[PDB]
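Right, one structure below, let's go through it.
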Amino acid sequence: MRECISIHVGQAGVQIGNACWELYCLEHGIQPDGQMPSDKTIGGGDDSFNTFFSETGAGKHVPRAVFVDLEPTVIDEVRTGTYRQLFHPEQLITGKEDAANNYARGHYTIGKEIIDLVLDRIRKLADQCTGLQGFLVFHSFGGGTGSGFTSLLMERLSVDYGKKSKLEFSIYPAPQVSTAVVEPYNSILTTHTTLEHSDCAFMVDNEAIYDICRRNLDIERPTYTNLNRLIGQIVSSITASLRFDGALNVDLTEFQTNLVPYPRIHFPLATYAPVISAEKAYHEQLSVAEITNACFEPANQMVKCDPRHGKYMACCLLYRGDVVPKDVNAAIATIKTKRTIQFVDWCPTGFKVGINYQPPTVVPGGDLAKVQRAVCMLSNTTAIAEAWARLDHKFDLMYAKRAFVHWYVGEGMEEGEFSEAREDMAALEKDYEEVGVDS
Amino acid sequence: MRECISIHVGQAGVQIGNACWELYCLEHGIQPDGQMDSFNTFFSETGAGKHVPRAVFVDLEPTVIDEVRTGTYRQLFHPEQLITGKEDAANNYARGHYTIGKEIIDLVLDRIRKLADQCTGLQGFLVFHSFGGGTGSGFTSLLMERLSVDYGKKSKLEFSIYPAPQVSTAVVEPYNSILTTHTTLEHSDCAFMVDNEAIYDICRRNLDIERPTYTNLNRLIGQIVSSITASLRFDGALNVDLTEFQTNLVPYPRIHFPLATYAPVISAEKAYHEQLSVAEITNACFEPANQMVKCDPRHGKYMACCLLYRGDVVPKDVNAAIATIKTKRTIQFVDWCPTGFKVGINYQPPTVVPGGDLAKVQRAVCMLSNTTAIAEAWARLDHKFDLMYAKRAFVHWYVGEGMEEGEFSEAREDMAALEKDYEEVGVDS
Amino acid sequence: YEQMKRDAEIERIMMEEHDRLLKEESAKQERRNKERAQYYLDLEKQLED
Amino acid sequence: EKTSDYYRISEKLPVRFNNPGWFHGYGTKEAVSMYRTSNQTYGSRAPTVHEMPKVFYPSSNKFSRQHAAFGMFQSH
Amino acid sequence: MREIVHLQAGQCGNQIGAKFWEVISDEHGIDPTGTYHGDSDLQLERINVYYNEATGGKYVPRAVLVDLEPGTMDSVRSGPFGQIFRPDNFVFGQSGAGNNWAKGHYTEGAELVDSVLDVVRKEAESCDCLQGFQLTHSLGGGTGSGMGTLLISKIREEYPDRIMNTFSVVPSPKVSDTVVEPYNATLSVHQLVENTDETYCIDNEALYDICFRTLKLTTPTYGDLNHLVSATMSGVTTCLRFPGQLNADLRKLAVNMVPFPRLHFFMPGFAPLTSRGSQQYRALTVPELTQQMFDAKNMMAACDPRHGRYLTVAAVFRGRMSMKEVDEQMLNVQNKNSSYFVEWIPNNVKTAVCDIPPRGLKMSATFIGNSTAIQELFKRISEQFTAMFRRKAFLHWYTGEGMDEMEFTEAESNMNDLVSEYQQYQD
């Protein structure tokens with residue numbers, strides 16, 4: 001009725017979807033092989049799984065997701081792992097030979113043989129169910145099929161569906177922490193579709209999650225499993241107001257109009273505030289007014305850009321658990337009291353507030369704790385303009401000596417597409433300037 | 001009371017009848033030794049409690065009959081129903097029509113008399129053949145001509161396998177498939193057409209099976225035949241009769257070539273996850289990659305459709321499915337058929353064979369259509385006829401067994417007449 | 001008073017037949033559920049084969 | 001293995017979240033090998049009695065479907 | 001014979017209005033199954049102002065509940081008194097407004113407005129004589145402010161001489177909970193000044209200061225703030241249902257109140273609101289009830305009316321009281337304070353009394369003030385709209401489906417005059 005479809009792309013996006021579908025399965029009663037485990041016991045009041053599952057004829061729930069990869073090895077751990085008896089075997093779409101850190105392979109010459117499959121399998125899923133609030137896709141900038149096929153999926157999915165909303169989730173390169181030398185060449189040139197053909201494109205850096213774990217939690221050396229568990233608690237907080245009812249609930253339509261001022265300023269941030277080691281949750285309080293002051297701390301952001309340099313355009317607040325509405329309104333006016341927290345001259349209102357009654361669930365073996373309260377602070381901020389200022393400089397430094405170009409140009413890519421991407425991001429460095437000064 | 005009599009001609013007919021009579025004997029309670037009121041359509045009943053069917057198996061190779069004798073259904077048939085010739089027709093229409101078939105056409109028609117006088121009132125024969133081989137073309141043609149003149153108004157159903165575009169075995173297949181139609185067109189009151197390549201692609205694509213053998217193909221054909229005649233055997237809401245859908249289906253007296261389609265051909269793996277609604281399978285049987293003869297329906301106007309739903313169906317859903325089929329603007333329909341459709345509904349689900357590769361499905365559809373798409377599936381046979389017969393290969397065997405040279409050309413102008421009938425009835429008004 | 005008493009009795013009768021309709025609808029729904037369970041069972045049997 | 005025994009609950013939670021032993025599809029705690037890839041750490045352990053949700057407030061839609069079937073009311 | 005219809009709009013109105021029928025049915029004595037089990041005898045004598053008849057002597061309330069998401073209708077049906085509403089009377093779309101006023105006015109809600117009016121014409125057919133409709137919505141969101149306005153301008157055109165009444169959750173000044181609030185609120189007053197006969201200003205910040213400083217609650221949730229509004233909607237129309245001395249209906253409070261036909265934005269308040277520690281300590285007398293009506297704390301709108309003159313003032317008392325203590329106590333306000341009152345109306349006070357108190361109190365009132373301080377939240381809403389619209393902050397989410405930009409600077413033309421009209425009548 002109020003559903004969503006989760007389309008996963010690439011090796012980064014599949015391993016998000018190994019973490020999400022573990023965590024939605026724990027939030028309902030669903031076992032890893034379907035099978036709602038009630039056995040001859042009566043129950044009444046249900047259908048909180050229509051947003052991410054489909055009850056079929058045998059009583060077995062199958063989720064709405066397509067898994068897309070151009071690599072065989074990543075997806076075939078799902079086909080032999082524990083969740084093999086949950087996904088429909090047509091919905092684990094597998095490529096044959098990978099893009100290998102290449103926009104031109106993932107967008108011009110290898111995704112052509114596979115795009116006919118995925119757009120048949122999506123249309124099978126959506127015709128099946130009534131409404132559609134919107135897709136929630138997952139990808140990564142720094143790789144071939146994560147940014148090539150994703151740039152071809154979004155150009156084709158915005159034509160034939162249109163007015164149904166989209167979301168977008170990204171893995172964004174760091175200043176320091178990089179894994180490829182192809183990383184600036186394809187994190188500049190993937191913006192020709194994540195500007196025109198995305199309604200909200202959330203932004204997550206690997207570097208701050210590498211640093212938020214060492215400081216809030218008593219963990220050192222965190223691997224990629226611990227990065228996936230944290231972003232699984234964001235997507236299970238944006239969509240939590242669809243399933244479990246609340247006093248003030250926001251749908252996917254509701255925070256879209258409260259957060260993007262102009263239709264080329266859709267690059268918000270996100271933070272999760274009550275991140276705390278399970279030993280440390282015994283110690284502090286984590287009140288209703290403690291965890292909202294933590295959302296604006298520069299140590300606990302998500303992209304390594306200083307929040308004390310830009311101006312906040314809009315904020316959406318997604319509270320979860322036992323929250324009273326008087327304590328929320330005591331918190332917000334305290335933030336506008338302090339004068340080192342900067343809001344734009346044409347926005348005195350500032351905030352959008354959502355509250356759900358469902359407490360944030362725990363995961364077994366997870367380093368996150370059990371806390372009665374949680375919040376996920378969405379914000380659109382001028383400080384992300386200074387985050388492309390360390391990527392345009394890593395692009396023209398590359399491009400002047402024409403290093404690593406001959407792979408792209410031999411695959412159906414013309415050299416007029418490189419410098420066209422550089423002006424289309426140097427244009428956006430004025431769109432985030434021209435709405436900064438006062439009147 | 002509403003009975004039907006089956007004649008299986010040739011090896012294709014014998015193997016189709018194999019898969020059939022396994023399916024019917026497991027569908028009723030009857031074990032293969034004949035030992036256990038709906039059998040009276042197909043099974044004669046003795047006083048002891050043996051059930052014996054109305055079937056006649058005829059082939060000229062002795063092997064294709066005595067492996068039916070050796071196999072595990074030997075107890076069922078009277079051992080004089082199993083009829084055997086001395087030499088096979090050797091892929092020759094003329095040789096099967098003339099030099100072998102005259103010896104035992106008397107025996108097979110006397111068995112036809114003896115079986116058809118052991119009933120009350122006939123409804124329609126079911127003969128099974130193919131258009132690739134000698135006896136299965138020619139002896140079938142003599143059999144159906146003589147039986148039509150001898151019975152008259154008694155309806156018959158011919159079942160045929162067409163030679164596919166790129167799937168073929170012999171080389172004289174255009175010759176015998178154009179020489180069968182000239183005198184196998186106007187004596188059969190209905191005839192149905194399938195081909196092997198379409199069944200190969202449906203097995204490869206819909207079912208999760210690679211690389212099938214003729215067993216699976218015969219299982220599918222038996223499913224379609226059982227879907228046709230379950231309205232005779234098993235009662236339900238809207239049961240249609242043989243004369244019912246013949247009058248509803250054949251527009252003009254030489255356009256009697258309906259297609260076949262059977263909608264939920266899906267494995268247990270896909271059936272367990274997928275829902276299956278009757279609107280879904282109504283669209284899925286009009287999908288242009290699920291038909292059973294390789295003619296593209298997008299080139300073809302549908303003169304008539306008749307749907308045969310079996311299982312847990314209710315009439316409002318079939319009616320909404322019909323409306324949403326005619327609503328679409330990608331499926332063509334004939335400019336002088338406003339009604340379009342015919343509906344039958346049975347109350348018994350499809351019965352599943354052990355060892356078969358289908359799934360037991362709560363709602364199935366057998367779709368029949370008289371469409372103009374099939375007209376472009378004859379010009380390939382006529383061009384292969386041209387390519388052979390212009391430089392005149394392989395004619396001297398057929399005319400040494402006995403013919404004149406003008407009879408193949410008579411078949412050629414018969415196919416030209418059929419081409420122009422299918423072209424002229426499809427145009428505008 | 002006599003007409004009022006007849007009205008009360010007839011209204012109670014119709015609410016009794018509505019309660020009968022409610023119980024038969026719940027019975028039909030549980031019948032559909034047991035049909036779904038049966039289909040799941042023999043599909044698992046075919047997978048074992 | 002029974003979460004109403006271990007934790008208190010709201011009595012309307014379904015049996016799936018009541019009985020955690022039925023989630024049989026997860027990984028089976030293989031002892032470690034050297035060739036241990038890192039993306040396979042996602043969803044490596046089944047939920048236990050501690051991680052089940054205490055309360056559940058899903059959005060039913062049965063009444064809304066069974067009323068808005070067809071069209072809304074209009075005076076003809 | 002004078003009956004009304006209670007429309008409910010949006011998701012904020014469905015928290016108000018679902019608590020509105022648990023207060024009226026407490027008053028009229030109806031069980032959740034819909035059958036009368038009450039104490040007194042005149043209690044169901046005027047049951048037909050709100051409710052309706054069915055077979056077998058069961059009473060159904062009349063309403064129509066709209067939404068653009070189907071989640072709220074299941075929540076209302078599973079409420080405590082959610083059994084009595086008819087299931088035909090719920091109407092709802094399938095895709096939410098998404099806090100977009102333009103979606104809820106043009107593209108997402110206009111499919112629904114042709115189906116709500118078929119319910120409304122079915123309920124307005126059943127009347128003896130309609131006193132007027134009634135609506136409950138919110139000026140902050142999308143589906144309360146867009147489609148809840150599109151109901152108003154189409155009901156008013158086809159029922160032109162009925163007394164339309166609304167109840168509005170005006171957005172807060174700064175303690176706010178939506179980024180795109182001033183586009184949503186300034187585009188609704190443009191169509192709410194010319195189509196409503198009365199409209200009430202309910203701050204969500206004056207509804208917390210009541211719940212901290214005069215009630216002294218600990219965790220004020222939404223469950224009781226719906227109740228504070230739902231005691232005022234019962235309090236205005238007690239004169240309609242129950243008898244008394246100097247009754248004043250829903251209409252005769254309008255005639256005495258609005259002096260010029262664009263100044264109908266009121267500010268209400270409820271008189272005995274006493275902390276549960278000081279229930280032993282309040283003294284039940286008529287003058288002690290009056291000092292709560294004119295106290296600046298029990299104003300329930302966003303501006304303190306000591307910054308100007310009241311234009312006209314109501315007081316609908318309830319209970320058993322001498323009507324000399326009513327008409328003397330209002331006089332002692334107009335002489336002790338004189339500069340705070342408009343001096344070209346020689347008597348600014350309308351009073352009313354009825355004999356049936358609320359359940360659990362001896363007496364209660366309902367203050368209504370048409371103060372000239374209400375220009376102040378009109379400036380603060382307009383100043384947070386002329387900062388967004390300097391450089392078009394969020395405009396492309398509204399423009400892209402068919403609203404051109406000149407219907408935004410037309411709004412402030414129909415908004416910056418209404419700031420001025422209170423100022424020329426200020427003195």
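Order determines the names: the first chain of the structure tokens is A, the second B, and so forth; residues in each chain are numbered 1 upward, and ligands are numbered 1 upward as they are shown.
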*Kindly determine which residues of chain C lie within 9 Å of chain E, considering only C-alpha atoms, and give the answer as a VMD selection string.*
chain C and resid 7 to 8 10 to 12 15
_Give me, as a VMD selection string, all polymer residues having an atom no more than 12 Å from residue 305 in chain A, counting only C-alpha atoms and skipping those fewer than 6 positions away in the same chain._
chain A and resid 174 to 175 203 to 205 207 to 208 269 297 to 299 381 to 390
_Only residues of chain A matter here; which ones have an atom within 8 Å of chain C, counting only C-alpha atoms? Give them as a ChimeraX atom specification._
/A:57-59
Residue subset to file, keeping N, CA and C atoms, as an mmCIF file, in the first residue's frame:
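Result written to part-v4.cif:
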data_model
loop_
_atom_site.group_PDB
_atom_site.id
_atom_site.type_symbol
_atom_site.label_atom_id
_atom_site.label_comp_id
_atom_site.auth_asym_id
_atom_site.auth_seq_id
_atom_site.Cartn_x
_atom_site.Cartn_y
_atom_site.Cartn_z
ATOM 1 N N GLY A 57 1.471 -16.578 -2.003
ATOM 2 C CA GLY A 57 0.415 -17.568 -1.867
ATOM 3 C C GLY A 57 0.700 -18.627 -0.822
ATOM 4 N N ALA A 58 1.962 -18.997 -0.658
ATOM 5 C CA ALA A 58 2.297 -20.055 0.282
ATOM 6 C C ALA A 58 2.450 -19.560 1.706
ATOM 7 N N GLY A 59 2.294 -18.267 1.949
ATOM 8 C CA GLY A 59 2.592 -17.711 3.249
ATOM 9 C C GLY A 59 4.035 -17.321 3.434
#
*Which residues, written as an MDAnalysis selection string, have at least one atom at most 9 Å from residue 360 in chain A, with only C-alpha atoms counted and residues fewer than 5 positions away on the same chain left out?*
(chainID A and resid 233 236:237 320:321 370:374) or (chainID D and resid 53)
Since we have the selection now, will you write its residues out, keeping C-alpha atoms, as a compact mmCIF listing (two decimals), in the first residue's frame?
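Contents of selection01.txt, as written:
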# COMPACT_ATOMS: atom_id res chain seq x y z
CA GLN A 233 20.14 2.48 10.79
CA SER A 236 15.57 2.19 8.77
CA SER A 237 14.88 5.64 10.24
CA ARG A 320 12.45 7.74 17.17
CA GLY A 321 11.11 6.25 20.39
CA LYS A 370 19.98 -0.31 23.11
CA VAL A 371 18.65 3.19 23.75
CA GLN A 372 15.04 4.29 24.20
CA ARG A 373 15.61 7.46 22.12
CA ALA A 374 17.14 8.24 18.73
CA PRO D 53 11.15 -5.45 18.84
*Output the contact residues of chain D with respect to chain A at a cut-off of 9 Å, based on only C-alpha atoms, as a ChimeraX atom specification.*
/D:12-28,38-48,50-62,65
Give me the residues of chain E that have any atom at most 12 Å from an atom of chain D; for each, the nearest atom pair and the distance in Å, rounded to one decimal. Use only C-alpha atoms, sort by chain and number, and format it as CSV.
residue,atom,partner,partner_atom,distance
E:67,CA,D:64,CA,11.4
E:68,CA,D:64,CA,11.7
E:69,CA,D:64,CA,9.9
E:70,CA,D:64,CA,6.4
E:71,CA,D:59,CA,5.7
E:72,CA,D:59,CA,8.6
E:73,CA,D:64,CA,7.5
E:74,CA,D:60,CA,6.4
E:75,CA,D:59,CA,8.2
E:76,CA,D:63,CA,11.4
E:77,CA,D:63,CA,9.1
E:78,CA,D:60,CA,10.3
E:86,CA,D:67,CA,11.3
E:87,CA,D:67,CA,7.6
E:88,CA,D:67,CA,7.3
E:89,CA,D:73,CA,9.4
E:90,CA,D:67,CA,8.5
E:91,CA,D:72,CA,7.6
E:92,CA,D:64,CA,7.9
E:93,CA,D:68,CA,8.8
E:94,CA,D:64,CA,9.4
E:111,CA,D:72,CA,10.5
E:112,CA,D:72,CA,8.7
E:113,CA,D:72,CA,10.5
E:114,CA,D:74,CA,8.2
E:115,CA,D:72,CA,5.7
E:116,CA,D:73,CA,8.2
E:117,CA,D:74,CA,8.1
E:118,CA,D:74,CA,4.8
E:119,CA,D:73,CA,6.8
E:120,CA,D:74,CA,10.1
E:121,CA,D:75,CA,8.2
E:122,CA,D:75,CA,8.0
E:123,CA,D:75,CA,11.8
E:125,CA,D:75,CA,11.4
Output C-alpha atoms for every residue in the selection just made, as a PDB file, in the first residue's frame.
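After the write, result30.pdb holds the following:
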ATOM      1  CA  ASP E  67      -6.602  12.522   4.146  1.00  0.00           C
ATOM      2  CA  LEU E  68      -4.073  11.922   1.404  1.00  0.00           C
ATOM      3  CA  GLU E  69      -2.470   8.923   3.118  1.00  0.00           C
ATOM      4  CA  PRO E  70      -4.394   5.783   4.142  1.00  0.00           C
ATOM      5  CA  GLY E  71      -2.527   5.334   7.413  1.00  0.00           C
ATOM      6  CA  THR E  72      -4.596   7.775   9.446  1.00  0.00           C
ATOM      7  CA  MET E  73      -7.993   6.228   8.633  1.00  0.00           C
ATOM      8  CA  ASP E  74      -6.875   2.925  10.130  1.00  0.00           C
ATOM      9  CA  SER E  75      -5.668   4.809  13.203  1.00  0.00           C
ATOM     10  CA  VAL E  76      -9.042   6.540  13.649  1.00  0.00           C
ATOM     11  CA  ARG E  77     -10.966   3.285  13.200  1.00  0.00           C
ATOM     12  CA  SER E  78      -8.826   1.638  15.895  1.00  0.00           C
ATOM     13  CA  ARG E  86     -19.718   5.227   9.342  1.00  0.00           C
ATOM     14  CA  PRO E  87     -17.231   3.440   7.055  1.00  0.00           C
ATOM     15  CA  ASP E  88     -18.655   5.190   4.011  1.00  0.00           C
ATOM     16  CA  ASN E  89     -17.776   8.581   5.538  1.00  0.00           C
ATOM     17  CA  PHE E  90     -14.003   8.035   5.373  1.00  0.00           C
ATOM     18  CA  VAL E  91     -12.420   9.323   2.167  1.00  0.00           C
ATOM     19  CA  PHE E  92      -8.714   9.121   1.426  1.00  0.00           C
ATOM     20  CA  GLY E  93      -6.229   9.186  -1.420  1.00  0.00           C
ATOM     21  CA  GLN E  94      -3.315   6.869  -2.083  1.00  0.00           C
ATOM     22  CA  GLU E 111      -8.669  13.948  -7.665  1.00  0.00           C
ATOM     23  CA  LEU E 112     -10.148  13.595  -4.163  1.00  0.00           C
ATOM     24  CA  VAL E 113     -12.163  16.841  -3.865  1.00  0.00           C
ATOM     25  CA  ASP E 114     -14.732  15.525  -6.323  1.00  0.00           C
ATOM     26  CA  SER E 115     -15.360  12.610  -3.949  1.00  0.00           C
ATOM     27  CA  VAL E 116     -15.549  14.443  -0.628  1.00  0.00           C
ATOM     28  CA  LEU E 117     -18.366  16.640  -1.918  1.00  0.00           C
ATOM     29  CA  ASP E 118     -20.469  13.598  -2.751  1.00  0.00           C
ATOM     30  CA  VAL E 119     -20.349  12.706   0.937  1.00  0.00           C
ATOM     31  CA  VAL E 120     -21.080  16.326   1.903  1.00  0.00           C
ATOM     32  CA  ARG E 121     -24.106  16.630  -0.382  1.00  0.00           C
ATOM     33  CA  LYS E 122     -25.386  13.379   1.126  1.00  0.00           C
ATOM     34  CA  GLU E 123     -25.086  14.711   4.684  1.00  0.00           C
ATOM     35  CA  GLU E 125     -29.513  16.586   2.210  1.00  0.00           C
TER      36      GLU E 125
END
*Quick one: everything within 9 Å of residue 209 in chain E, counting only C-alpha atoms, minus sequence neighbours fewer than 3 positions away in the same chain. Send it as a PyMOL selection string.*
chain E and resi 205-206+212-215+297-298+300
_Using only C-alpha atoms, I'd like every residue of chain B that has an atom within 7 Å of chain A; please write them out as an MDAnalysis selection string._
chainID B and resid 272:275
Using N, CA, C and O atoms, can you write the selected residues to a file as a PDB file, in the first residue's frame?
ATOM      1  N   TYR B 272       6.559 -20.806  -6.473  1.00  0.00           N
ATOM      2  CA  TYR B 272       6.493 -20.658  -5.031  1.00  0.00           C
ATOM      3  C   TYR B 272       6.587 -19.190  -4.642  1.00  0.00           C
ATOM      4  O   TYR B 272       5.891 -18.745  -3.728  1.00  0.00           O
ATOM      5  N   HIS B 273       7.427 -18.427  -5.340  1.00  0.00           N
ATOM      6  CA  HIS B 273       7.565 -17.013  -5.009  1.00  0.00           C
ATOM      7  C   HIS B 273       6.479 -16.175  -5.658  1.00  0.00           C
ATOM      8  O   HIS B 273       5.888 -15.314  -5.004  1.00  0.00           O
ATOM      9  N   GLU B 274       6.206 -16.389  -6.939  1.00  0.00           N
ATOM     10  CA  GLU B 274       5.242 -15.561  -7.652  1.00  0.00           C
ATOM     11  C   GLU B 274       3.819 -15.824  -7.190  1.00  0.00           C
ATOM     12  O   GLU B 274       3.450 -16.969  -6.905  1.00  0.00           O
ATOM     13  N   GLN B 275       3.032 -14.757  -7.092  1.00  0.00           N
ATOM     14  CA  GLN B 275       1.591 -14.922  -7.100  1.00  0.00           C
ATOM     15  C   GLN B 275       1.145 -15.224  -8.511  1.00  0.00           C
ATOM     16  O   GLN B 275       1.875 -15.004  -9.480  1.00  0.00           O
TER      17      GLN B 275
END
*chain B residues within 12 Å of chain C, counting only C-alpha atoms: which ones, as number ranges by chain?*
B: 267-273, 275, 312, 352-362
*Provide as a PyMOL selection string the residues of chain E at most 7 Å from chain A, counting only C-alpha atoms.*
chain E and resi 94+96-100+174-181+208+219-222+384+387-388+391-397
Save the residues we just selected, N, CA and C atoms, as a tab-separated table (two decimals), in the first residue's frame?
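Result went into part-v3.tsv, see below:
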chain	number	residue	atom	x	y	z
E	94	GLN	N	-4.32	7.92	-2.14
E	94	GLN	CA	-3.31	6.87	-2.08
E	94	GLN	C	-1.88	7.37	-2.03
E	96	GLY	N	0.67	10.55	-0.65
E	96	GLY	CA	0.64	11.65	0.29
E	96	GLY	C	1.02	12.97	-0.35
E	97	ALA	N	0.71	14.05	0.37
E	97	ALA	CA	0.99	15.38	-0.14
E	97	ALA	C	2.47	15.70	-0.09
E	98	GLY	N	3.18	15.14	0.88
E	98	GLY	CA	4.60	15.38	1.02
E	98	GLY	C	4.94	16.80	1.41
E	99	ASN	N	4.15	17.41	2.30
E	99	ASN	CA	4.29	18.78	2.79
E	99	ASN	C	4.31	19.82	1.69
E	100	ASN	N	3.73	19.51	0.54
E	100	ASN	CA	3.70	20.41	-0.59
E	100	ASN	C	2.30	20.97	-0.68
E	174	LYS	N	9.01	30.88	15.66
E	174	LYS	CA	10.35	30.35	15.49
E	174	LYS	C	10.50	28.93	15.96
E	175	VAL	N	9.65	28.46	16.86
E	175	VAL	CA	9.76	27.10	17.36
E	175	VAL	C	8.90	26.25	16.42
E	176	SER	N	9.48	25.93	15.27
E	176	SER	CA	8.73	25.41	14.13
E	176	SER	C	9.19	24.01	13.78
E	177	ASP	N	8.36	23.31	13.00
E	177	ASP	CA	8.63	21.91	12.71
E	177	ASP	C	8.34	21.57	11.25
E	178	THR	N	8.65	22.49	10.33
E	178	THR	CA	8.69	22.21	8.89
E	178	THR	C	9.52	23.31	8.24
E	179	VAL	N	10.42	22.92	7.34
E	179	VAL	CA	11.30	23.88	6.67
E	179	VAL	C	10.52	24.80	5.75
E	180	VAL	N	9.47	24.30	5.13
E	180	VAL	CA	8.80	25.00	4.04
E	180	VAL	C	7.48	25.58	4.55
E	181	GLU	N	7.44	25.91	5.85
E	181	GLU	CA	6.24	26.50	6.46
E	181	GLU	C	5.73	27.79	5.82
E	208	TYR	N	1.73	25.23	24.56
E	208	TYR	CA	2.67	24.63	25.51
E	208	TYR	C	2.81	25.46	26.78
E	219	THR	N	4.86	15.71	31.20
E	219	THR	CA	5.11	15.29	29.82
E	219	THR	C	3.88	15.61	28.99
E	220	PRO	N	3.75	16.83	28.49
E	220	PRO	CA	2.59	17.19	27.67
E	220	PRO	C	2.71	16.61	26.27
E	221	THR	N	1.98	15.54	26.02
E	221	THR	CA	2.01	14.87	24.73
E	221	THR	C	0.93	15.47	23.85
E	222	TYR	N	0.73	14.91	22.66
E	222	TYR	CA	-0.33	15.40	21.80
E	222	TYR	C	-1.70	14.94	22.24
E	384	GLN	N	9.26	35.99	7.13
E	384	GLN	CA	9.88	34.73	6.78
E	384	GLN	C	9.44	34.21	5.42
E	387	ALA	N	12.04	36.65	2.82
E	387	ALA	CA	13.44	36.27	2.84
E	387	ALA	C	13.71	35.02	2.02
E	388	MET	N	12.78	34.07	2.04
E	388	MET	CA	12.83	32.94	1.13
E	388	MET	C	12.71	33.39	-0.32
E	391	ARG	N	15.52	35.13	-3.24
E	391	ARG	CA	16.32	34.38	-4.19
E	391	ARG	C	15.80	32.97	-4.42
E	392	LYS	N	14.50	32.75	-4.17
E	392	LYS	CA	13.76	31.56	-4.61
E	392	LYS	C	14.34	30.28	-4.01
E	393	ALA	N	14.20	30.16	-2.69
E	393	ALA	CA	14.89	29.13	-1.93
E	393	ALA	C	14.39	27.72	-2.27
E	394	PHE	N	13.08	27.49	-2.23
E	394	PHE	CA	12.52	26.15	-2.37
E	394	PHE	C	11.49	26.08	-3.49
E	395	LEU	N	11.57	27.01	-4.44
E	395	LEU	CA	10.41	27.31	-5.28
E	395	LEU	C	10.18	26.23	-6.33
E	396	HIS	N	11.22	25.52	-6.73
E	396	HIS	CA	11.10	24.61	-7.87
E	396	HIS	C	10.28	23.37	-7.54
E	397	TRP	N	10.05	23.07	-6.27
E	397	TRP	CA	9.18	21.96	-5.92
E	397	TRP	C	7.72	22.31	-6.10
Residues within 6 Å of range 177-190 of chain B, please, as a tab-separated table (two decimals) with N, CA and C atoms, in the first residue's frame. Count only C-alpha atoms; anything in the same chain fewer than 2 positions from it doesn't count.
chain	number	residue	atom	x	y	z
B	131	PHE	N	3.34	-33.56	-39.58
B	131	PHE	CA	3.54	-33.22	-40.98
B	131	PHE	C	5.00	-33.29	-41.40
B	137	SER	N	1.99	-38.46	-42.62
B	137	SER	CA	1.30	-37.58	-43.55
B	137	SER	C	0.27	-38.32	-44.40
B	141	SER	N	-3.73	-39.00	-44.19
B	141	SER	CA	-4.59	-38.33	-45.17
B	141	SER	C	-5.67	-39.26	-45.73
B	145	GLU	N	-9.73	-38.85	-44.94
B	145	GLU	CA	-10.65	-38.72	-46.08
B	145	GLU	C	-11.73	-39.81	-46.04
B	148	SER	N	-14.10	-39.29	-43.03
B	148	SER	CA	-15.02	-38.17	-43.21
B	148	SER	C	-16.13	-38.50	-44.19
B	155	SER	N	-17.82	-34.98	-35.96
B	155	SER	CA	-16.70	-34.05	-35.89
B	155	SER	C	-15.40	-34.77	-35.58
B	156	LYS	N	-14.31	-34.28	-36.15
B	156	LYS	CA	-12.99	-34.81	-35.87
B	156	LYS	C	-12.04	-33.68	-35.52
B	157	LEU	N	-11.05	-34.01	-34.69
B	157	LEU	CA	-9.98	-33.10	-34.32
B	157	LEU	C	-8.67	-33.72	-34.77
B	173	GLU	N	10.71	-32.63	-46.10
B	173	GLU	CA	9.66	-32.03	-45.28
B	173	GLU	C	8.81	-30.98	-45.99
B	174	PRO	N	9.34	-30.05	-46.81
B	174	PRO	CA	8.42	-29.19	-47.59
B	174	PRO	C	7.53	-29.96	-48.55
B	175	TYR	N	8.06	-31.02	-49.18
B	175	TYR	CA	7.27	-31.82	-50.11
B	175	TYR	C	6.10	-32.50	-49.42
B	256	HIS	N	-9.83	-23.03	-40.57
B	256	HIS	CA	-9.97	-23.82	-39.34
B	256	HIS	C	-8.62	-24.27	-38.78
B	411	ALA	N	-1.12	-28.95	-55.19
B	411	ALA	CA	-0.90	-28.55	-53.80
B	411	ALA	C	-0.38	-27.12	-53.70
